[PDB]
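Chemist: Got coords06.pdb for you, PDB, C-alpha atoms (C1' of nucleotides):
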```pdb
ATOM      1  CA  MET X   1     103.453 137.225 135.840
ATOM      2  CA  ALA X   2     103.399 138.854 132.402
ATOM      3  CA  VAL X   3     106.247 138.912 129.861
ATOM      4  CA  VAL X   4     105.853 142.303 128.149
ATOM      5  CA  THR X   5     102.873 144.590 127.997
ATOM      6  CA  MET X   6      99.624 145.445 126.153
ATOM      7  CA  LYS X   7      99.823 148.444 123.734
ATOM      8  CA  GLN X   8     103.192 147.577 122.225
ATOM      9  CA  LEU X   9     101.640 144.134 122.101
ATOM     10  CA  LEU X  10      98.396 145.441 120.402
ATOM     11  CA  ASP X  11     100.177 147.192 117.493
ATOM     12  CA  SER X  12      99.898 144.606 114.681
ATOM     13  CA  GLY X  13      96.604 142.624 115.128
ATOM     14  CA  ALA X  14      95.381 140.524 118.063
ATOM     15  CA  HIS X  15      92.079 138.713 117.346
ATOM     16  CA  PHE X  16      92.928 135.784 115.044
ATOM     17  CA  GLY X  17      91.193 132.391 114.752
ATOM     18  CA  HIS X  18      90.104 131.148 111.235
ATOM     19  CA  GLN X  19      86.733 130.565 109.233
ATOM     20  CA  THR X  20      83.333 129.451 110.565
ATOM     21  CA  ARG X  21      82.314 126.190 108.786
ATOM     22  CA  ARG X  22      84.850 124.029 110.698
ATOM     23  CA  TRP X  23      84.985 124.296 114.520
ATOM     24  CA  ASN X  24      84.753 121.077 116.517
ATOM     25  CA  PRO X  25      85.661 120.834 120.157
ATOM     26  CA  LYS X  26      83.202 120.793 123.117
ATOM     27  CA  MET X  27      84.934 123.393 125.270
ATOM     28  CA  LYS X  28      82.388 125.830 126.744
ATOM     29  CA  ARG X  29      85.349 126.883 128.960
ATOM     30  CA  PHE X  30      87.003 128.499 125.904
ATOM     31  CA  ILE X  31      83.908 129.231 123.751
ATOM     32  CA  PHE X  32      82.367 132.698 124.262
ATOM     33  CA  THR X  33      79.412 133.898 122.093
ATOM     34  CA  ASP X  34      78.423 135.296 118.665
ATOM     35  CA  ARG X  35      79.122 138.607 117.023
ATOM     36  CA  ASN X  36      79.747 138.674 113.281
ATOM     37  CA  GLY X  37      79.998 134.886 113.623
ATOM     38  CA  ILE X  38      83.595 134.810 114.905
ATOM     39  CA  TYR X  39      85.661 134.772 118.083
ATOM     40  CA  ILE X  40      88.440 136.533 120.039
ATOM     41  CA  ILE X  41      91.766 135.326 121.583
ATOM     42  CA  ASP X  42      91.691 133.990 125.208
ATOM     43  CA  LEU X  43      92.867 136.187 128.143
ATOM     44  CA  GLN X  44      93.041 133.967 131.293
ATOM     45  CA  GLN X  45      94.484 130.942 129.542
ATOM     46  CA  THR X  46      97.082 133.094 127.797
ATOM     47  CA  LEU X  47      98.334 134.457 131.132
ATOM     48  CA  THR X  48      98.080 131.289 133.273
ATOM     49  CA  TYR X  49      99.697 128.831 130.892
ATOM     50  CA  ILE X  50     102.265 131.466 130.046
ATOM     51  CA  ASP X  51     103.360 131.142 133.706
ATOM     52  CA  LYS X  52     103.094 127.356 133.867
ATOM     53  CA  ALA X  53     104.908 126.745 130.582
ATOM     54  CA  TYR X  54     107.563 129.162 131.882
ATOM     55  CA  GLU X  55     108.293 127.324 135.116
ATOM     56  CA  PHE X  56     108.234 123.700 134.016
ATOM     57  CA  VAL X  57     109.797 124.224 130.590
ATOM     58  CA  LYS X  58     112.671 126.075 132.262
ATOM     59  CA  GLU X  59     113.110 123.019 134.489
ATOM     60  CA  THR X  60     113.289 120.660 131.513
ATOM     61  CA  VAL X  61     115.408 123.111 129.494
ATOM     62  CA  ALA X  62     117.865 122.878 132.383
ATOM     63  CA  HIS X  63     117.561 119.108 132.143
ATOM     64  CA  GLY X  64     119.014 119.637 128.694
ATOM     65  CA  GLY X  65     117.654 118.416 125.340
ATOM     66  CA  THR X  66     117.735 119.643 121.713
ATOM     67  CA  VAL X  67     115.378 120.232 118.759
ATOM     68  CA  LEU X  68     115.861 120.429 114.990
ATOM     69  CA  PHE X  69     114.578 123.556 113.282
ATOM     70  CA  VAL X  70     112.484 121.818 110.583
ATOM     71  CA  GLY X  71     110.972 124.740 108.653
ATOM     72  CA  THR X  72     108.736 124.274 105.618
ATOM     73  CA  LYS X  73     106.443 127.190 104.723
ATOM     74  CA  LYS X  74     107.273 129.381 101.745
ATOM     75  CA  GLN X  75     106.323 132.372 103.907
ATOM     76  CA  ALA X  76     109.244 131.633 106.257
ATOM     77  CA  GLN X  77     111.922 129.519 104.512
ATOM     78  CA  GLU X  78     114.479 132.364 104.441
ATOM     79  CA  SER X  79     113.313 133.876 107.744
ATOM     80  CA  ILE X  80     113.790 130.552 109.650
ATOM     81  CA  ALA X  81     117.005 129.937 107.699
ATOM     82  CA  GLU X  82     118.336 133.337 108.788
ATOM     83  CA  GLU X  83     117.575 132.802 112.460
ATOM     84  CA  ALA X  84     118.943 129.250 112.151
ATOM     85  CA  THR X  85     122.154 130.557 110.586
ATOM     86  CA  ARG X  86     122.396 132.972 113.514
ATOM     87  CA  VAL X  87     121.688 130.328 116.201
ATOM     88  CA  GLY X  88     123.812 127.812 114.258
ATOM     89  CA  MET X  89     121.559 124.801 114.896
ATOM     90  CA  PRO X  90     120.755 122.287 112.089
ATOM     91  CA  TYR X  91     117.552 122.657 110.071
ATOM     92  CA  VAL X  92     115.471 121.170 107.246
ATOM     93  CA  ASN X  93     113.675 122.901 104.388
ATOM     94  CA  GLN X  94     110.910 121.191 102.425
ATOM     95  CA  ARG X  95     108.991 118.173 103.667
ATOM     96  CA  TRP X  96     108.107 115.988 106.610
ATOM     97  CA  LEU X  97     108.674 112.375 105.566
ATOM     98  CA  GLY X  98     106.370 109.557 106.614
ATOM     99  CA  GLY X  99     107.907 107.290 109.222
ATOM    100  CA  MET X 100     111.354 108.467 110.340
ATOM    101  CA  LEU X 101     110.944 109.298 114.110
ATOM    102  CA  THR X 102     109.874 105.706 114.797
ATOM    103  CA  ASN X 103     112.000 103.936 112.155
ATOM    104  CA  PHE X 104     115.188 105.884 113.189
ATOM    105  CA  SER X 105     117.594 102.924 112.983
ATOM    106  CA  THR X 106     117.663 103.111 109.147
ATOM    107  CA  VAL X 107     117.824 106.858 108.748
ATOM    108  CA  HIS X 108     120.882 106.003 110.849
ATOM    109  CA  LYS X 109     121.962 104.193 107.683
ATOM    110  CA  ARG X 110     120.948 107.171 105.552
ATOM    111  CA  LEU X 111     123.338 109.151 107.770
ATOM    112  CA  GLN X 112     126.106 106.675 107.043
ATOM    113  CA  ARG X 113     125.347 107.056 103.342
ATOM    114  CA  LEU X 114     125.299 110.842 103.787
TER     115      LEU X 114
ATOM    116  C1'   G S   1     155.017  38.759  92.564
ATOM    117  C1'   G S   2     153.854  41.260  86.718
ATOM    118  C1'   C S   3     150.898  37.786  84.452
ATOM    119  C1'   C S   4     147.228  35.115  82.961
ATOM    120  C1'   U S   5     144.647  28.572  83.422
ATOM    121  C1'   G S   6     140.763  27.220  86.383
ATOM    122  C1'   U S   7     137.156  26.651  91.504
ATOM    123  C1'   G S   8     133.852  29.159  93.779
ATOM    124  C1'   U S   9     133.186  32.355  97.128
ATOM    125  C1'   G S  10     132.249  38.597  97.562
ATOM    126  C1'   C S  11     130.051  39.059  92.216
ATOM    127  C1'   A S  12     130.092  41.779  87.984
ATOM    128  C1'   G S  13     126.652  44.082  84.732
ATOM    129  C1'   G S  14     121.118  46.010  82.494
ATOM    130  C1'   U S  15     119.052  50.444  76.356
ATOM    131  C1'   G S  16     114.300  46.583  82.716
ATOM    132  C1'   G S  17     110.209  50.395  85.520
ATOM    133  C1'   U S  18     109.169  55.013  88.340
ATOM    134  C1'   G S  19     111.455  61.900  84.618
ATOM    135  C1'   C S  20     104.553  62.228  89.193
ATOM    136  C1'   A S  21     111.095  59.549  93.872
ATOM    137  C1'   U S  22     115.555  63.010  92.748
ATOM    138  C1'   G S  23     119.744  65.864  91.108
ATOM    139  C1'   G S  24     121.877  67.902  86.839
ATOM    140  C1'   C S  25     120.839  69.942  81.680
ATOM    141  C1'   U S  26     117.314  72.301  78.516
ATOM    142  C1'   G S  27     112.515  74.741  76.023
ATOM    143  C1'   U S  28     108.362  77.665  77.299
ATOM    144  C1'   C S  29     105.106  82.040  78.644
ATOM    145  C1'   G S  30     109.292  85.855  77.693
ATOM    146  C1'   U S  31     114.320  89.198  76.304
ATOM    147  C1'   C S  32     107.575  90.848  78.167
ATOM    148  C1'   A S  33     108.788  94.460  82.024
ATOM    149  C1'   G S  34     108.474  93.609  86.022
ATOM    150  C1'   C S  35     108.965  90.268  90.765
ATOM    151  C1'   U S  36     110.520  90.642  96.172
ATOM    152  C1'   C S  37     112.923  92.259 101.116
ATOM    153  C1'   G S  38     114.208  95.469 105.428
ATOM    154  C1'   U S  39     112.461  98.166 109.194
ATOM    155  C1'   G S  40     108.201 100.880 110.039
ATOM    156  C1'   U S  41     102.420 103.024 110.044
ATOM    157  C1'   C S  42      97.496 100.931 108.988
ATOM    158  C1'   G S  43      94.309  96.154 109.689
ATOM    159  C1'   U S  44      91.625  91.564 115.127
ATOM    160  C1'   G S  45      93.394  88.944 110.947
ATOM    161  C1'   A S  46      94.253  87.198 105.556
ATOM    162  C1'   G S  47      96.966  91.489 103.794
ATOM    163  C1'   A S  48      97.716  96.945 102.268
ATOM    164  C1'   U S  49     101.454 100.882 101.949
ATOM    165  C1'   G S  50     105.676 101.770  99.358
ATOM    166  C1'   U S  51     105.035  99.826  93.613
ATOM    167  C1'   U S  52      98.873 104.959  94.178
ATOM    168  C1'   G S  53      98.186 110.309  91.032
ATOM    169  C1'   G S  54     100.189 113.766  86.758
ATOM    170  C1'   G S  55     104.272 114.661  83.105
ATOM    171  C1'   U S  56     107.578 110.871  80.799
ATOM    172  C1'   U S  57     109.868 106.085  78.734
ATOM    173  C1'   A S  58     112.138 100.842  74.266
ATOM    174  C1'   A S  59     111.078  99.556  80.390
ATOM    175  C1'   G S  60     109.107  99.772  88.213
ATOM    176  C1'   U S  61     114.235 104.466  83.010
ATOM    177  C1'   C S  62     113.395 109.561  85.076
ATOM    178  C1'   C S  63     111.012 114.218  87.396
ATOM    179  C1'   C S  64     107.223 116.412  90.315
ATOM    180  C1'   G S  65     103.391 116.359  95.009
ATOM    181  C1'   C S  66     101.851 112.153  99.174
ATOM    182  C1'   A S  67     102.997 106.491 105.534
ATOM    183  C1'   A S  68     106.547 105.770 103.666
ATOM    184  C1'   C S  69     111.601 106.125 103.876
ATOM    185  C1'   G S  70     115.614 102.575 101.363
ATOM    186  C1'   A S  71     117.515  98.485  98.747
ATOM    187  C1'   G S  72     118.302  94.161  95.927
ATOM    188  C1'   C S  73     117.436  90.370  91.480
ATOM    189  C1'   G S  74     116.028  93.024  86.603
ATOM    190  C1'   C S  75     116.171  97.397  82.107
ATOM    191  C1'   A S  76     120.658 100.444  80.859
ATOM    192  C1'   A S  77     126.140  99.790  80.539
ATOM    193  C1'   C S  78     132.011  97.696  80.841
ATOM    194  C1'   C S  79     132.038  91.749  76.412
ATOM    195  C1'   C S  80     132.361  90.096  70.875
ATOM    196  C1'   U S  81     131.684  91.486  65.588
ATOM    197  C1'   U S  82     130.911  95.315  62.223
ATOM    198  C1'   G S  83     130.876 101.160  61.199
ATOM    199  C1'   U S  84     135.895 105.900  61.119
TER     200        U S  84
END
```
Write the structure described by the file as structure tokens, please.
Modeler:
Amino acid sequence: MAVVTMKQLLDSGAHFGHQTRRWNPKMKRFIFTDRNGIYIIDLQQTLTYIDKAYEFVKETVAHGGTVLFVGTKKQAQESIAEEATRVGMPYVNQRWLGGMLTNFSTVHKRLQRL
RNA sequence: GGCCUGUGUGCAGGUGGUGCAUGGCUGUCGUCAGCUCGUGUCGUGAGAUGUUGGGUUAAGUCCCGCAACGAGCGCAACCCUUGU
């Protein structure tokens, strides 16, 4: 089950993946072969985990949680802020701090101070 | 009974020792800019991190990027005198 289709997907560049001096997995199941020393995006895994992410993440999205829009890159500060102003959800701008998400009971106190 | 005369009984007192038994008080490094805690992450552990690195300061005073986020006791300042 696809989402929307190939040519009006293919418009703006589909072949990404980085530099060559850095790859480290082991995964022959996602590694293909050399031409001009660089790879192409993965067909079967795109489709299959598109479907699986769809079904289970809909189940949990019905189970009902929420996520901050923490957006940081200078490429997308205003873009993310615009969509976040549209969707109305809270957001953050600049930096991921070391050690909040575990030590939450004192950013609780930063909230009281806020 | 106030009171003081004695008798002795409880005694009362020490500038006699331990300041290395103690408290209190005080000088000193030093009015030098630092010294710690929370909760966390790291480390088997002693411990580290924060408090490293630049600009910057009378100074851990301040800014910027980061396993740190935060804070206190400090340095500043409301005190006195002088200066209009």
Chemist: Can you work out which residues from chain S touch chain X at a cut-off of 9 Å (counting only C-alpha atoms (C1' of nucleotides)) and hand them back as a PyMOL selection string?
Modeler: chain S and resi 39-41+67-70
Chemist: Neighbours of region 11-18 of chain X within 8 Å (all atoms listed in the file; same-chain residues fewer than 6 positions away dropped), as a list in words?
Modeler: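 Once the nearby chain positions are removed, what remains is residues 38, 39, 40 and 41 of chain X.
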Chemist: By how many Å are CA of residue 74 (chain X) and CA of residue 113 (chain X) apart?
Modeler: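 Going from CA of residue 74 (chain X) over to CA of residue 113 (chain X) covers 28.8 Å.
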Chemist: For residue 54 (chain S), please output as a ChimeraX atom specification all residues within 12 Å (counting only C-alpha atoms (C1' of nucleotides); exclusion window: fewer than 6 positions along the same chain).
Modeler: /S:63-65
Chemist: Go through S:56, S:36, S:7, S:26 one by one, measure the shortest atom-to-atom distance of each to residue 72 (chain S) using all atoms listed in the file, and give the residue with the smallest value.
Modeler: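 Of all the options, S:36 lies closest to residue 72 (chain S).
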Chemist: Which value, in Å to one decimal, gives the distance between CA of residue 65 (chain X) and CA of residue 93 (chain X)?
Modeler: 21.8 Å
Chemist: Enter the distance from CA of residue 91 (chain X) to CA of residue 55 (chain X), in Å, rounded to one decimal.
Modeler: 27.1 Å
Chemist: What's the 9 Å shell around residue 33 (chain S), counting only C-alpha atoms (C1' of nucleotides), without same-chain residues fewer than 4 positions away, as a PDB file with C-alpha atoms (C1' of nucleotides), in the frame of the given file?
Modeler:
```
ATOM      1  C1'   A S  59     111.078  99.556  80.390  1.00  0.00           C
ATOM      2  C1'   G S  60     109.107  99.772  88.213  1.00  0.00           C
ATOM      3  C1'   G S  74     116.028  93.024  86.603  1.00  0.00           C
ATOM      4  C1'   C S  75     116.171  97.397  82.107  1.00  0.00           C
TER       5        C S  75
END
```
Chemist: Please determine an axis-aligned box that encloses all atoms of region 59-69 of chain X listed in the file, with 8 Å added on each side, and express its centre and edge lengths in Å to one decimal as AutoDock Vina command-line options.
Modeler:
```
--center_x 116.1 --center_y 121.0 --center_z 123.9 --size_x 21.9 --size_y 21.1 --size_z 37.2
```
Chemist: What's the 10 Å shell around residue 37 (chain X), counting only C-alpha atoms (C1' of nucleotides), without same-chain residues fewer than 2 positions away, as a list in words?
Modeler: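 Listed by chain and then number, they are residues 19, 20, 33, 34, 35 and 39 of chain X.
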